[PDB]
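J.: once you've seen the sequence and the experimental structure below, I've got questions.
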Amino acid sequence: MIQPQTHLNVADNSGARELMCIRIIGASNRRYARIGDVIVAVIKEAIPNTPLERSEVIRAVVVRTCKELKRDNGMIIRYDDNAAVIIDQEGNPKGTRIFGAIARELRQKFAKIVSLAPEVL
Amino acid sequence: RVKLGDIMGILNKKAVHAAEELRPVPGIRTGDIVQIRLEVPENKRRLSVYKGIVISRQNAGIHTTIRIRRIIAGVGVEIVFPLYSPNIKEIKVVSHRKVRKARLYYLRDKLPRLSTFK
Amino acid sequence: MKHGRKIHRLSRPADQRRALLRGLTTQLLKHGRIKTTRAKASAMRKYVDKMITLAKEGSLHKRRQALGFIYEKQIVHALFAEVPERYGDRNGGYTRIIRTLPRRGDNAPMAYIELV
Amino acid sequence: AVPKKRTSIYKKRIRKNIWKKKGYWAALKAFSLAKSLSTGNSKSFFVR
Amino acid sequence: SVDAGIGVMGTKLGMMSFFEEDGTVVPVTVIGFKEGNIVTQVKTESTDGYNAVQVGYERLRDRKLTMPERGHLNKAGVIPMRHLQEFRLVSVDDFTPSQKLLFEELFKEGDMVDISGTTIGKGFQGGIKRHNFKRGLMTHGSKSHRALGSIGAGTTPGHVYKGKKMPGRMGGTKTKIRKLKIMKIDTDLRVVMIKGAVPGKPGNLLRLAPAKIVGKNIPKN
RNA sequence: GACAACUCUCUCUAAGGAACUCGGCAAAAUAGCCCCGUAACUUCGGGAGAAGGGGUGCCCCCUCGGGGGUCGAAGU
RNA sequence: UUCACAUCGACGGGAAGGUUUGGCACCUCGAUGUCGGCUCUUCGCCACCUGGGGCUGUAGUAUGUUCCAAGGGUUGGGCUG
RNA sequence: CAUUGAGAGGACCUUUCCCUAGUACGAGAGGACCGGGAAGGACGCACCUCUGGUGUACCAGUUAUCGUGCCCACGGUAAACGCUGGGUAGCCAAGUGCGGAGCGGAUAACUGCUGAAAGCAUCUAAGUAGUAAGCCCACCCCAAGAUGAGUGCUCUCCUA
RNA sequence: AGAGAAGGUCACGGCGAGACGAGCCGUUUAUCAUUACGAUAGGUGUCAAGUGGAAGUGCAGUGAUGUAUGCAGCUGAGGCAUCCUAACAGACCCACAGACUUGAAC
Ligand SMILES: [Mg+2]
Ligand SMILES: [Mg+2]
Ligand SMILES: [Mg+2]
Ligand SMILES: [Mg+2]
Ligand SMILES: [Mg+2]
Ligand SMILES: [Mg+2]
Ligand SMILES: [Mg+2]
Ligand SMILES: [Mg+2]
Ligand SMILES: [Mg+2]
Ligand SMILES: [Mg+2]
Ligand SMILES: [Mg+2]
Ligand SMILES: [Mg+2]
Ligand SMILES: [Mg+2]
Ligand SMILES: [Mg+2]
Ligand SMILES: [Mg+2]
Ligand SMILES: [Mg+2]
Ligand SMILES: [Mg+2]
Ligand SMILES: [Mg+2]
Ligand SMILES: [Mg+2]
Ligand SMILES: [Mg+2]
Ligand SMILES: [Mg+2]
Ligand SMILES: [Mg+2]
Ligand SMILES: [Mg+2]
Ligand SMILES: [Mg+2]
Ligand SMILES: [Mg+2]
Ligand SMILES: [Mg+2]
Ligand SMILES: [Mg+2]
Ligand SMILES: [Mg+2]
Ligand SMILES: [Mg+2]
Ligand SMILES: [Mg+2]
Ligand SMILES: [Mg+2]
Ligand SMILES: [Mg+2]
Ligand SMILES: [Mg+2]
Ligand SMILES: [Mg+2]
Ligand SMILES: [Mg+2]
Ligand SMILES: [Mg+2]
Ligand SMILES: [Mg+2]
Ligand SMILES: [Mg+2]
Ligand SMILES: [Mg+2]
Ligand SMILES: [Mg+2]
Ligand SMILES: [Mg+2]
Ligand SMILES: [Mg+2]
Ligand SMILES: [Mg+2]
Ligand SMILES: [Mg+2]
Ligand SMILES: [Mg+2]
Ligand SMILES: [Mg+2]
Ligand SMILES: [Mg+2]
Ligand SMILES: [Mg+2]
Ligand SMILES: [Mg+2]
Ligand SMILES: [Mg+2]
Ligand SMILES: [Mg+2]
Ligand SMILES: [Mg+2]
Ligand SMILES: [Mg+2]
Ligand SMILES: [Mg+2]
Ligand SMILES: [Mg+2]
Ligand SMILES: [Mg+2]
Ligand SMILES: [Mg+2]
Ligand SMILES: [Mg+2]
Ligand SMILES: [Mg+2]
Ligand SMILES: [Mg+2]
Ligand SMILES: [Mg+2]
Ligand SMILES: [Mg+2]
Ligand SMILES: [Mg+2]
Ligand SMILES: [Mg+2]
Ligand SMILES: [Mg+2]
Ligand SMILES: [Mg+2]
Ligand SMILES: [Mg+2]
Ligand SMILES: [Mg+2]
Ligand SMILES: [Mg+2]
Ligand SMILES: [Mg+2]
Ligand SMILES: [Mg+2]
Ligand SMILES: [Mg+2]
Ligand SMILES: [Mg+2]
Ligand SMILES: [Mg+2]
Ligand SMILES: [Mg+2]
Ligand SMILES: [Mg+2]
Ligand SMILES: [Mg+2]
Ligand SMILES: [Mg+2]
């Protein structure tokens, strides 16, 4: 349930420490980013001397919410923080290595991302 | 011959005996460290293994629910399993923790140490 | 709204309504019959029966639970004496409510609640 | 908000008659109640 | 509003969860039945002006029914019933007064139904709750909050419009929920499980018809 | 008595956290005590309770603060 | 590129509307009062999108212009009285 | 009791993506019309199985203090919960379902077929054919105070 | 004029109905013996559910406290049973075979 002005942690190498979400995309006029949605964020805090400068406008996909994802098993999933992964407009992650768990719900639109994951839920 | 309120309760008891027949379900309470094995609709090869502590158990009928908390790669994950689900294969109690509540929701605000397993 | 909210409010806040009911039941057990407003009566049923059903068992536990409801000890002990005698066979339903002429001052509907 | 005009005699008589009709239903309850206490058979009712 | 096929009536018993082999949980309303669903009367185009069949539902003690009604069910040769309803068909040849309907013969599995019932009464409700009015500002200076807003334009037109949305009574009405699905029929308990919600709390009275699809089940116009 | 809308005095609210608005207006937050630590700047008095951090209940034991135990999700 | 009329259209002319800046002083002066937001509508069409078309300097994709069409839609912020 | 429906309203909205097919089209680069399929958005109608919010019905911890003779244990107060941690029913959404169907009717623009007035031509004068998120029926609620007060089934009209 | 038609209102017990009116359900609570229809509310008994391990008495400990008795104790706005209380007593309205004409039938 990411929405504009929400702050996020980044899940990969890409050298952004923190993102502020400004827009949800592809959802038409929706206000809610949930897992698997592309958001336009900006960089707030960066990891120094990295290809990414703060105050950059970038795309990222939301891989973790504190809201709850519902599969068809009746299974539910809730993380402790919000996080996204910074991508290209191709679906390829800019940074090459991902932290944290992800879901099998991303397997359709993003292959790379499920691949680089340390754990899958 | 069955009166109606009876019908509503009865259908749950039928469902649960029907499900406990195929797959007997363990005595499972709050504060129980637990290992679960899911049959995922994708990957026939390996049935997913979720470890973790039980923070809550909501009893209702066929849909009785268990909430497993675990720290994974530094990110706290809680998962909610319907207990009688066909997609669960094996479930067992690894260990038992001594707890004074019915729901440990306070495990979010505590340190990661307490959610760390395996 | 209220659907399925079953409680009697008696137009008092929670604290006062509790204390009211404690009071009214110590009165009922002390005098055996009393005159009140139909609302207060209908509300008071439940707690009367709670005390009676309580004293049917008699354990130090139960007795402590009654002492912490009723105001006057003496009445409680009297209960735990009398009740096994007087109510032993009656399975529930220990109160009669016999309604009367309304009050002159406000036209509040009255009633007579009896310990049966 | 105020009354731009003064209410005409007849309309006022109709509204007050409406308020007087409640007396009619009260008189019916009262009558029925009297005929109930006038047999001395009611165990739900009490008078002193 | 000519209705496709005969429907039956039933009682809403409340909802539970229902698994499928692959572990898909569908929430289902459980619709029970009672002694009834008996054709009461049949109305011919000639006699009544149109074609319809009146089914009775709930049984009842005899006393509770009124003399006119009891006479109405004595003409049929049927047991006393609480609720009567009418279904409106295009062809009534299959039905005779006193005939009985079985919901097991009119409804298979994977079939589409339509559930009519009465809604939960929420009483007298404000503008917010009844029409989804946005509430005004809670804090900086503002005295409005849950209030209705302005109700019209200025000197012209100089009166409020008809149908202008306002607080009044909400709920408690005949509602129809289109295109539902029947998950499982239980013969033992004579119950039907339907995927999703139907109006009203348990102990309601429902009407189930086979779904009206505006192209293919109904007269074109 | 009843427990509608709505107004007012109040308590709480999932995810987010000023996106509200003329304006963080109003609310929420902080808070005692002991201990460590404390900047630019200066009329050398200040700034300063700067900031920021730790400790805190109840039992025994020792010295006249320290150690050991023990409950609770939480100890001014 | 040829070609006034795909698209522009100078010099001039003929209109409609009553939303701009105005003229008038018929209007109310006692307490018939201007611009923005909130809430809440509603209507017009000179059509921004969505439905159907004609012409193109329309290969295709995308346009351009115009015809019918007002059923629905018309975001969230930084900035300003 | 059950209904017909004059009239009145609500709703008939929209975006990507995938087959068609990398097919027509073009030297290439680019890349379709038409018709099928899914997922979304907004909006509407419900609903409480799940996830929750509240829940001054309840349950537990716990501070100060006054009661119950004192320990124990409970009760009061700390406005309209002392402060916290949970919560069933209700109500509710962020949760769950469902909806937007029509080889129906008549048209606007336009495209047409037969075809005269003007032995040629012309979509028009006769007569007709396609066709729009528009118009009207169908969908959903209301509805005979529709004083034009409808139709249907049954019931009741005692005693002197 | 007596009486009280069918039905209605009131009364009385209620509600998932309700600002009030209105709506809906009840009003001796069956019999059964093979279905179902005769439990409205409260109480009582049991069940789901919540909370999370009662008091008392034992043991361990210098003590705060832990542990056994015990899925305990409290609660149970939800179900299902059972007439134990209250649905007692009753009251009011209400009964010109449906004015008049014209055809048709007999
Ligand atoms: Mg739950
Ligand atoms: Mg008052
Ligand atoms: Mg208090
Ligand atoms: Mg009770
Ligand atoms: Mg009826
Ligand atoms: Mg209601
Ligand atoms: Mg708003
Ligand atoms: Mg205010
Ligand atoms: Mg006027
Ligand atoms: Mg009040
Ligand atoms: Mg307070
Ligand atoms: Mg919040
Ligand atoms: Mg929070
Ligand atoms: Mg938060
Ligand atoms: Mg923050
Ligand atoms: Mg701002
Ligand atoms: Mg700012
Ligand atoms: Mg703004
Ligand atoms: Mg302030
Ligand atoms: Mg404050
Ligand atoms: Mg504080
Ligand atoms: Mg300090
Ligand atoms: Mg300073
Ligand atoms: Mg501190
Ligand atoms: Mg400590
Ligand atoms: Mg020209
Ligand atoms: Mg003048
Ligand atoms: Mg004035
Ligand atoms: Mg136009
Ligand atoms: Mg267009
Ligand atoms: Mg065009
Ligand atoms: Mg081109
Ligand atoms: Mg339009
Ligand atoms: Mg319009
Ligand atoms: Mg518009
Ligand atoms: Mg109808
Ligand atoms: Mg019509
Ligand atoms: Mg009219
Ligand atoms: Mg219409
Ligand atoms: Mg349509
Ligand atoms: Mg090709
Ligand atoms: Mg298409
Ligand atoms: Mg859709
Ligand atoms: Mg729920
Ligand atoms: Mg529930
Ligand atoms: Mg809570
Ligand atoms: Mg709840
Ligand atoms: Mg004392
Ligand atoms: Mg206390
Ligand atoms: Mg005091
Ligand atoms: Mg005070
Ligand atoms: Mg007070
Ligand atoms: Mg609380
Ligand atoms: Mg939905
Ligand atoms: Mg035509
Ligand atoms: Mg042409
Ligand atoms: Mg010719
Ligand atoms: Mg021709
Ligand atoms: Mg013609
Ligand atoms: Mg057509
Ligand atoms: Mg159309
Ligand atoms: Mg369409
Ligand atoms: Mg009529
Ligand atoms: Mg007439
Ligand atoms: Mg009668
Ligand atoms: Mg009435
Ligand atoms: Mg009543
Ligand atoms: Mg009676
Ligand atoms: Mg009962
Ligand atoms: Mg009941
Ligand atoms: Mg004990
Ligand atoms: Mg206690
Ligand atoms: Mg000892
Ligand atoms: Mg339990
Ligand atoms: Mg019985
Ligand atoms: Mg009795
Ligand atoms: Mg006659
Ligand atoms: Mg005559």
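T.: Nice, I can see it. Residues are numbered from 1 along each chain as shown, chains lettered A, B, ... in the order given. Ligands and ions are numbered 1, 2, ... in the order given.
J.: near RNA strand I, which residues of chain B? Just list them.
T.: B:1, B:3-6, B:8-9, B:27, B:29-30, B:57-61, B:64, B:98, B:100-103 (CB under 7 Å from any atom of the strand). C-beta: built from backbone N, CA, C; applies to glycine.
J.: same check on chain D?
T.: D:28, D:29, D:31, D:32, D:35, D:36, D:39, D:41, D:42, D:43, D:44, D:45.
J.: before we move on, back to that, go ahead and build a PyMOL selection from the buried members of the residues of chain B next to RNA strand I.
T.: To isolate the buried ones among these in PyMOL, judged by 16 or more other CB atoms under 10 Å in any protein chain shown, type:
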select buried, chain B and resi 4+8+30+57+64
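J.: without its sequence neighbours, what residue ends up closest to residue A:30?
T.: Nearest-residue entry for residue A:30: residue A:24, 5.6 Å, with adjacent residues in sequence omitted and distances by CB to CB, 6 or more residues apart in numbering or on different chains.
J.: over to residue A:27?
T.: Residue A:27 sits nearest to residue A:37 (CB to CB, 6+ apart), 6.2 Å away.
J.: can you get me a residue count around the residue of chain C found nearest chain B?
T.: Closest residue of chain C to chain B, CB to the nearest CB: residue C:4 (15.0 Å). Burial of residue C:4, expressed as a neighbour count using other CB atoms under 10 Å in any protein chain shown, amounts to 6.
J.: how about the helices in chain E?
T.: E:45-48, E:67-74, E:103-106, E:127-131 (DSSP state H).
J.: who does residue C:35 bridge with?
T.: Note on residue C:35: beta-bridge partners residue C:112, judged by DSSP bridges.
J.: that one contacts residue C:114, doesn't it?
T.: No - using CB atoms under 8 Å, residue C:35 is not in contact with residue C:114; the gap is 10.2 Å.
J.: after the strand ranked longest in chain B, next one along is what?
T.: Counting by DSSP state E, the longest strand found in chain B is strand B:48-58. Scanning forward in sequence from strand B:48-58 by DSSP states H and E, the next helix or strand is strand B:65-72.
J.: next one: phi and psi at residue C:19?
T.: Here is the backbone geometry of residue C:19 (degrees, to the nearest 10): phi -50, psi -40.
J.: count the neighbours of residue A:96 for me.
T.: There are 11 residues near residue A:96, going by other CB under 10 Å.
J.: report the central residue of chain B.
T.: residue B:66 (3.2 Å; CA atoms, centre = their mean).
J.: does the one residue in chain B that gets nearest to chain D sit in a helix, a strand or a coil?
T.: For chain B and chain D, the shortest gap (CB to the nearest CB) falls at residue B:5, measuring 31.4 Å. Look at residue B:5: counting by DSSP: H, G, I helix; E, B strand; the rest coil, its state is helix.
J.: RNA strand F versus the closest residue to residue E:5 other than its chain neighbours, what's the distance?
T.: Distance criterion CB to CB, 6+ apart; nearest residue to residue E:5, sequence neighbours excluded, is residue E:210 at 4.3 Å. As judged by CB to the nearest atom of the strand, to the nearest Å, residue E:210 and RNA strand F stand 38 Å apart.
J.: chain C: strands as residue ranges?
T.: Under DSSP E, chain C gives strands at C:33-37, C:95-100, C:110-115.
J.: interface residues of chain C facing RNA strand H?
T.: C:1-5, C:7, C:13-15, C:18-19, C:64, C:67-69, C:73.
J.: ok, now which ones touch the residue nearest to residue A:10 when sequence neighbours are not counted?
T.: Nearest residue to residue A:10 in three dimensions, chain neighbours excluded: residue A:16, at 4.6 Å (CB to CB, 6+ apart). Taking CB atoms under 8 Å, 6 or more residues apart in numbering or on different chains, we find residue A:16 in contact with A:10, A:43, A:45, A:46, A:47, A:50, A:52, A:58, A:86.
J.: ok, what's across the strand from the residue of chain D found nearest chain C?
T.: Nearest to chain C, among the residues of chain D, is residue D:46, at 5.0 Å (CB to the nearest CB). Going by DSSP bridges, residue D:46 is paired in beta bridges with residue C:100.
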